[PDB]
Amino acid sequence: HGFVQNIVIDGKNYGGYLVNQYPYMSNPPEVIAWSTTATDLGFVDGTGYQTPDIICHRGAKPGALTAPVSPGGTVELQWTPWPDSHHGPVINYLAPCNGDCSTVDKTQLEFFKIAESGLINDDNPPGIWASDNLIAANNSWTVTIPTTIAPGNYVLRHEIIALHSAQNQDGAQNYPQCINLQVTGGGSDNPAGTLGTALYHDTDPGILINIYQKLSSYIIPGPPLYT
């Protein structure tokens, strides 16, 4: 359980959508992060993979603001403290807004995967995962925006999938957090995207899985990494 509370880009902080404050206040600030209704600090499990909730989390609406990113620049997402027990991959996607991200129809966003990290070491099951790397970095993840993609406005969909309960159907816990970015530079690729509701299924080999056994490999879920 947790959420993204801060985003560092080009030497400044952009405040995140504080889901344990803003849903209660009257009334909340504009930020680059999408609003959600996930005030339980919770997740979208397999029962919601083919619903709009999986796109940018439960009841999500676009952030009002968009943060520019230098060409090939980094975006550092800072989470509330992530539980060690909540082992799993950390995955990053971009979807073009083809306009102002603040007015997009989230159900039409076509995401392409720009980074993925999964099972790092399995010397001691359930092992060390991307989420553990995130914890070790003081609850932080650094995403590098590709220099090869068409500049424009994009939604970054940043996500941890916790697998500690994934042995049973619909047991995996997805924690997507979306923010709005302005990608800059001289790239030209428009990578093939995937609708949010088509990213995952509750029987994927990296979703329906027993992480407590010895694993020789791990298939990170979602569409192929863009390279």
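Counting begins at 1, following the sequence as shown.
Per the PDB record, of the two stretches 86 to 94 and 132 to 140, 132 to 140 carries the greater mean B-factor over its C-alpha atoms. Looking at mean Cα B-factors across 21 to 29 and 7 to 15, the upper value is held by 21 to 29. Per the deposited record, 169 carries the highest C-alpha B-factor of all listed residues (169, 174, 194, 35). In the PDB entry, residue 165 places in the middle third of its chain by CA B-factor.
In the PDB entry, residue 57 places in the lowest third of its chain by CA B-factor. Split the chain's modelled residues into thirds by C-alpha temperature factor. Residue 109 is in the middle one. Annotation for residue 118: C-alpha temperature factor in the lowest third relative to the rest of the modelled chain, per the entry. Among all modelled residues in its chain, residue 159 ranks in the lowest third by Cα B-factor.
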